[PDB]
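A.B. asks: Structure in C-alpha cells, see below.
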Amino acid sequence: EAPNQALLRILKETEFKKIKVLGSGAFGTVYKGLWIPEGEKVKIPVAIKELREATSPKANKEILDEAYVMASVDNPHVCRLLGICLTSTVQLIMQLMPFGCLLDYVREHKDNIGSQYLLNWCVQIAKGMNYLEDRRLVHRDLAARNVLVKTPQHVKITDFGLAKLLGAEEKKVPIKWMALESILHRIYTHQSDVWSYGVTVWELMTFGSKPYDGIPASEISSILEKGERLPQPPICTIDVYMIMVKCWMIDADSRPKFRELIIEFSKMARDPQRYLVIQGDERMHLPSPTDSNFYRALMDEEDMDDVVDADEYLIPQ
Ligand SMILES: */C=C\C(=O)Nc1cc(Nc2ncc(Cl)c(Nc3ccccc3S(=O)(=O)C(C)C)n2)c(OC)cc1N1CCN(CC)CC1
Ligand SMILES: [Cl-]
Ligand SMILES: [Cl-]
Ligand SMILES: [Cl-]
Ligand SMILES: [Cl-]
C-alpha cells in the first residue's frame with residue numbers, strides 16, 4: 001500500500017485553555033476550548049478529548065488509533081484533527097463543531113428543519129463516506145450521533161476510534177446500525193457502512209427516533225433475517241424510502257455505492273419539495289451566525305477578533 005506521509009502535530013498545553021465540558025464519559029471527557037498556535041496570532045475554537053485515567057492501555061491504544069486515522073484524512077465532510085498534546089494523559093485537539101450532534105440537532109430543531117437541509121445533509125454525509133472509501137477506510141460506526149454540525153449548512157463525519165482499513169482483520173456494539181453480515185460474521189465493508197448510512201438517513205428522516213425502538217438488540221439478528229426493516233418515515237416519499245431500503249439488502253453488492261448516493265440525493269436536492277413532504281416547508285429558517293459577536297457567549301472570552309476556524313487555519317505552519 002501507499003506510504004502515509006500525514007503530519008502529526010504536537011501542541012503545548014500552554015497553547016490552549018479548556019472552557020466547558022461538552023461531554024463526560026467514563027474514561028474520557030470532551031471540552032469546548034480555545035487554541036492559540038505559537039507565534040501564530042490566531043485563535044482557534046477547538047474540542048479537546050482527554051482521558052481521565054492513566055492506562056487503561058487498551059483505552060490508551062484506542063485514542064492513539066483515533067488520532068492516527070484523523071490525522072490521515074482531508075475532506076470537507078470529515079472532521080479535522082489539529083494535533084495532540086502529550087500531557088499526563090493524551091489529549092486530541094480537534095476542530096470545534098459549534099452546533100453539536102446532528103442527532104441532538106434534528107430533535108432540538110425538528111419544527112424548523114426543512115427538506116432542503118435534510119436532503120443536503122444526506123448528500124454531504126455520503127460525500128464524506130465516499131472520501132473514506134476512496135482512502136480504503138471502513139468507518140464501522142456511522143450514525144447520526146457521530147455526524148457533527150459546523151453550521152446548519154455544513155456537517156462533517158467523525159468518531160474514527162473503530163475505523164479500520166479494508167480487510168484489516170484488526171485485533172458495546174451499536175447493533176441496530178449494523179449490517180446483517182456484520183452481526184453474524186463480524187464482516188465489515190464499505191457496503192457495510194452503506195447499510196449504517198441507510199439507518200442514519202432514517203434517523204434524520206424521523207428527526208431522531210430510535211431504530212427498532214422497544215426491541216431488544218439480541219432479537220435484531222432474527223428480525224433482519226426474517227426480512228423486516230425499519231418503517232417508512234412520514235415525511236418520506238417512496239423515492240427516498242426506496243433508497244434507504246436498498247441500503248438494507250442482504251446481498252451487500254446490490255446495495256448502492258456511496259458514489260451513487262451522492263448523485264441520487266443531489267438530484268433530489270434540486271427539487272427538495274418533491275421528495276420530502278414537511279408541513280410548512282417554506283417559513284423555515286435555521287440560523288448560522290458568523291459574527292465575531294457570535295462566538296461568545298460560547299467561549300465568551302472577550303475579544304474574538306482573531307478567530308479563525310480550523311478550515312481556514314492551514315499549514316505548513
Ligand atoms: C450529541 C453529542 C454531541 O456531539 N454534543 C455536542 C458536540 C459539540 N461539538 C463538538 N465538536 C467537536 C467534537 Cl470532537 C465534539 N466531540 C464531542 C462532544 C460531545 C460529546 C462527544 C464528542 S465525541 O464524538 O466523543 C469526540 C470524538 C471526542 N463535539 C458541541 O459543541 C458545542 C456541543 C455538544 N453538545 C453536548 C450535549 N449538550 C447537551 C447536554 C448540547 C451540546
Ligand atoms: Cl492560553
Ligand atoms: Cl466521551
Ligand atoms: Cl504563541
Ligand atoms: Cl487543519
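Ligands are numbered from 1 in the order shown, chains are lettered A, B, ... in the order of the C-alpha cells, and residues start at 1 in each chain.
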Find the residues around residue 288 in chain A up to 10 Å (only C-alpha atoms counted), leave out those fewer than 4 positions away in its own chain, and share them as an MDAnalysis selection string.
C.D. replies: chainID A and resid 99 150:153 294
A.B. asks: Residues of chain A within 6 Å of ligand 5: nearest atom pair and distance (Å, one decimal) for each, counting only C-alpha atoms and all ligand atoms, sorted by chain and number, as JSON lines?
C.D. replies:
{"residue": "A:80", "atom": "CA", "partner": "ligand 5", "partner_atom_place_in_ligand_line": "1 (Cl)", "distance": 5.7}
{"residue": "A:82", "atom": "CA", "partner": "ligand 5", "partner_atom_place_in_ligand_line": "1 (Cl)", "distance": 5.4}
{"residue": "A:310", "atom": "CA", "partner": "ligand 5", "partner_atom_place_in_ligand_line": "1 (Cl)", "distance": 5.3}
{"residue": "A:311", "atom": "CA", "partner": "ligand 5", "partner_atom_place_in_ligand_line": "1 (Cl)", "distance": 5.9}
{"residue": "A:313", "atom": "CA", "partner": "ligand 5", "partner_atom_place_in_ligand_line": "1 (Cl)", "distance": 6.0}
{"residue": "A:314", "atom": "CA", "partner": "ligand 5", "partner_atom_place_in_ligand_line": "1 (Cl)", "distance": 5.6}
A.B. asks: As a short mmCIF file (atom, residue, chain, number, x, y, z; two decimals) with N, CA and C atoms, in the first residue's frame, please: the residues near residue 179 in chain A (cut-off 8 Å, only C-alpha atoms, same-chain neighbours under 3 positions excluded).
C.D. replies:
data_model
loop_
_atom_site.label_atom_id
_atom_site.label_comp_id
_atom_site.auth_asym_id
_atom_site.auth_seq_id
_atom_site.Cartn_x
_atom_site.Cartn_y
_atom_site.Cartn_z
N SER A 182 -22.47 -8.02 9.28
CA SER A 182 -21.58 -7.67 10.37
C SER A 182 -22.03 -8.32 11.66
N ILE A 183 -23.33 -8.49 11.84
CA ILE A 183 -23.84 -9.05 13.08
C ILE A 183 -23.53 -10.55 13.15
N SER A 192 -20.90 -2.37 4.12
CA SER A 192 -21.41 -2.45 5.49
C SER A 192 -21.76 -1.06 5.98
N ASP A 193 -20.91 -0.09 5.64
CA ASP A 193 -21.13 1.30 6.01
C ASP A 193 -22.33 1.87 5.29
N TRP A 195 -25.02 0.30 4.59
CA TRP A 195 -26.14 -0.04 5.46
C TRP A 195 -26.27 0.96 6.60
N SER A 196 -25.23 1.12 7.40
CA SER A 196 -25.29 2.08 8.50
C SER A 196 -25.69 3.46 8.00
N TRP A 248 -30.29 -1.67 2.76
CA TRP A 248 -30.57 -2.73 3.71
C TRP A 248 -30.82 -4.07 3.02
#
A.B. asks: As an exercise, work out the distance from CA of residue 110 in chain A to CA of residue 139 in chain A in Å and give it to one decimal place.
C.D. replies: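 Straight-line distance from CA of residue 110 in chain A to CA of residue 139 in chain A works out to 27.1 Å.
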A.B. asks: Please give me, as a ChimeraX atom specification, the residues lying within 7 Å of ligand 2 when counting only C-alpha atoms and all ligand atoms.
C.D. replies: /A:14-17,35-36
A.B. asks: What gap, in Å, lies between CA of residue 107 in chain A and atom 39 (C, counted along the ligand's line) of ligand 1?
C.D. replies: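 Atom 39 (C, counted along the ligand's line) of ligand 1 lies 11.8 Å from CA of residue 107 in chain A.
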A.B. asks: Residues of range 38-239 of chain A in strand (DSSP E) according to DSSP, as a VMD selection string?
C.D. replies: chain A and resid 44 to 50 81 to 86 90 to 95 137 to 138 147 to 151 154 to 157 164 to 165
A.B. asks: Using only C-alpha atoms and all ligand atoms, which residues of the polymer chains come no farther than 8 Å from ligand 4? I'd like the answer as a ChimeraX atom specification.
C.D. replies: /A:15,36-41
A.B. asks: CA of residue 155 in chain A and atom 12 (C, counted along the ligand's line) of ligand 1, how far apart in Å?
C.D. replies: 11.2 Å
A.B. asks: Would you mind writing down, as a ChimeraX atom specification, each residue of range 101-272 of chain A that DSSP on the backbone assigns to helix (DSSP H, G or I)?
C.D. replies: /A:102-108,110-112,115-134,144-146,180-185,190-205,217-226,238-247,258-268,272
A.B. asks: Counting only C-alpha atoms and all ligand atoms, which residues of chain A sit at most 6 Å from some atom of ligand 1, and what is each one's closest atom pair with its distance in Å to one decimal, listed by chain and rising residue number, as CSV?
C.D. replies:
residue,atom,partner,partner_atom_place_in_ligand_line,distance
A:22,CA,ligand 1,36 (C),4.7
A:23,CA,ligand 1,20 (C),4.2
A:30,CA,ligand 1,28 (C),5.4
A:47,CA,ligand 1,12 (C),4.8
A:49,CA,ligand 1,28 (C),4.7
A:94,CA,ligand 1,14 (Cl),5.5
A:95,CA,ligand 1,12 (C),5.8
A:96,CA,ligand 1,11 (N),4.0
A:97,CA,ligand 1,11 (N),3.7
A:98,CA,ligand 1,32 (C),4.2
A:99,CA,ligand 1,32 (C),5.5
A:100,CA,ligand 1,7 (C),3.4
A:101,CA,ligand 1,4 (O),3.8
A:104,CA,ligand 1,1 (C),5.1
A:145,CA,ligand 1,1 (C),5.4
A:146,CA,ligand 1,24 (O),5.8
A:159,CA,ligand 1,27 (C),4.9
A.B. asks: For residue 75 in chain A, work out the shell of residues within 10 Å, counting only C-alpha atoms and skipping chain neighbours fewer than 5 positions away, then give it as a PyMOL selection string.
C.D. replies: chain A and resi 80+127-128+131-132+156-157
A.B. asks: Which residue, A:8, A:19, A:118, A:261, has the smallest gap to residue 105 in chain A when you use only C-alpha atoms?
C.D. replies: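 The answer is A:118, which sits nearest to residue 105 in chain A.
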